[PDB]
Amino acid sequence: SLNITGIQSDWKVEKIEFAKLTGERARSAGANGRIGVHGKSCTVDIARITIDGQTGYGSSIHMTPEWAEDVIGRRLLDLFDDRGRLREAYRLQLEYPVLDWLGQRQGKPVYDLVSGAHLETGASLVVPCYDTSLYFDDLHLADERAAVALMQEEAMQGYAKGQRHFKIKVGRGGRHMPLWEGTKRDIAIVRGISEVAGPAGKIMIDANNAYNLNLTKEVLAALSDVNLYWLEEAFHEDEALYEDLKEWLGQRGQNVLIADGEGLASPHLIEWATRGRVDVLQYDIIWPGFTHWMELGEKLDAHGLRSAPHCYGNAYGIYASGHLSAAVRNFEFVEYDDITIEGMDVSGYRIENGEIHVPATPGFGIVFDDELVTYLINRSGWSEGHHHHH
């Protein structure tokens, strides 16, 4: 919900411009339990919106020139319902540029504009984050010791940049290595990173569905001494298997959360979570997006459930996730990948002690290079403009 009382009926969408920004991860990402090398190259589709002679910038997906043509001339007020929530039809395309615009216009950070009761006025926003970049980077190595040292040094690269919590890909034995050896390698890797991370470092493991229940129990038992904070997508979500898993964990006093929800999720996943089978929901920060997450976060909060938006493959979402924490009480972590996108200055954000310090600057606090984005729009993007209707 957004305070819309300051939005004049005068204010209309005057222009929508679109461009793909390009860049690179700090370290090339290898395989995961289900698919191959993710690589080093990164892109972010951005829209620059002009309303009342002022621009906002943000992630935009599922928007064609034709789609934007129909929106030119609409009143900003008409894009919201009276609750202050951007209408469904505009979310994936325009929520981010619009929220960025409102922030620049009101001179406030988005988190301030969507702040829930759990977050009081004037306060610095500091959000937990974890390093998500620990992919299967060891598949060229035969020697388990060598694989562990490689993965440890990778974790160390993040540690030196202020990461304290690490999500480690596992499920090597599902597709990419023989099952027995792959699972042994998974365990050695996780034990190795936990050592580098220290006792206070939270460790998450993500199998990308490569396990079954008995493999999951074997791996958890081997990691009973590890500060394992959550297990994510051990196998495609299933209420019976997750009930058994939770009972098994309880009897052993092993305090590991169950996380799921990315990709093609079960339509019943939220029901299953309310029954205590899944603890952390992980729908993506871009699709279904920020506005949807505000609505979903409220609901999950009411049930004592936890929110951890998936972010991978879109650098912009990392910064978006930060702001969302102000609106959702049981926000867990920003999923962090070290990415440099040309023309997208994220300098205002700093990583310290396993947390991302969100700047108090207008909008999403990301400073876009107006000159470069104009060049990109002209060269490889598009513009739609004019005035109102129809």
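Each form is matched to the other, and the largest set of C-alpha atoms that superpose within 1.5 Å is called the rigid core. Sequential numbering from 1, following the sequence displayed.
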Quiz prompt | Between stretches 80-88 and 186-194, more displaced by Cα RMS in 4 other deposited structures of this protein (rigid core superposition) | solution = 80-88
Quiz prompt | Test item: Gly73 lacks coordinates in at least a third of other entries | solution = no
Self-check item: At least a third of the other entries leave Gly162 unmodelled
Solution: no
Self-check item: Of 129-137 and 149-157, the one with larger mean CA B-factor
Solution: 149-157
Exercise. Decide which of the stretches 72-80 and 293-301 has the higher mean C-alpha B-factor, going by the entry.
Key: 72-80
Practice problem: From the list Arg105, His236, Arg306, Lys184, select the residue with the highest C-alpha B factor recorded in the entry. | Solution: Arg105
Quiz item: Based on what the PDB entry reports, which of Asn214, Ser115, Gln163, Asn209 has the top C-alpha B-factor?
Solution: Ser115
Practice problem: Please rank the C-alpha B-factors of the chain's modelled residues and tell me whether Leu179 sits in the lowest, middle or highest third. | Solution: middle
Exercise. Relative to the other modelled residues of the same chain, rank the CA B-factor of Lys40 and answer lowest, middle or highest third.
Key: middle
Self-check item: Modelled-residue ranking by C-alpha temperature factor, third containing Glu355
Solution: middle
Exercise. Looking at the entry's B-factor column for C-alpha atoms only, identify whether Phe331 ranks in the lowest, middle or highest third of its chain.
Key: middle
Quiz item: C-alpha B factor of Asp244, ranked within the chain: lowest, middle or highest third?
Solution: middle
